[PDB]
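Consider the single chain below, provided in structure tokens and representing the form deposited in one PDB entry.
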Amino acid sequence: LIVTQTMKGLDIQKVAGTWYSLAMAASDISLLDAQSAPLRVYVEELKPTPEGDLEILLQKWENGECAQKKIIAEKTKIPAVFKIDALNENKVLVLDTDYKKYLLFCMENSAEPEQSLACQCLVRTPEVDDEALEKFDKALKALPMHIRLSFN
């Protein structure tokens, strides 16, 4: 992705709290295919640290259960771009947010071949307005998504 597609002026402390994953899409079918795909994860809460890093509480399906995992995405020199500094590196990119209703972000796999990207549309509450979904749709018009999922 380029620096111009990510968020300008993000204040990471205002995204703190609970979120729900409303929709997802990925550049490759295999990124989100079955319940066990590594990027099929549901965000539960974002917890910025006082140092500016981002702790991510996620739910993933593992063995017929709903497991919880905590990952830390560290700030980088690029605002809105966070790095999960694991054995397999991943970047978290914040595309846009209004802090009080929706947050759009993508997880990128650089270690992989071309551009394995999976993006999500997060909402603060399960309210019935589709502003978040329209913005997600519009933010993904520039990317090659081959699988798109929407939750109920």
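Rigid core: the largest C-alpha set superposing within 1.5 Å between the two forms. Heads up: residue numbers just count along the shown sequence, starting at 1. Residues that one form lacks are left out of the comparison.
In what follows, reference is made to the form deposited with a small molecule bound, a form of this protein that is not presented.
Taking the partner from the other structure, the small molecule in the entry with it bound has no heavy atom within 4.5 Å of any heavy atom of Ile78. In the entry with it bound, the small molecule lies farther than 4.5 Å from every heavy atom of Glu127.
Just one residue from the list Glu45, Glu127, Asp53, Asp98 crosses the 2 Å line for C-alpha shift between this form and the one not shown on a rigid core fit, and it is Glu127.
Superposition on the rigid core leaves 2-4, 127-129 as the runs of at least three consecutive shared residues whose Cα positions differ by 2 Å or more between this form and the one not shown.
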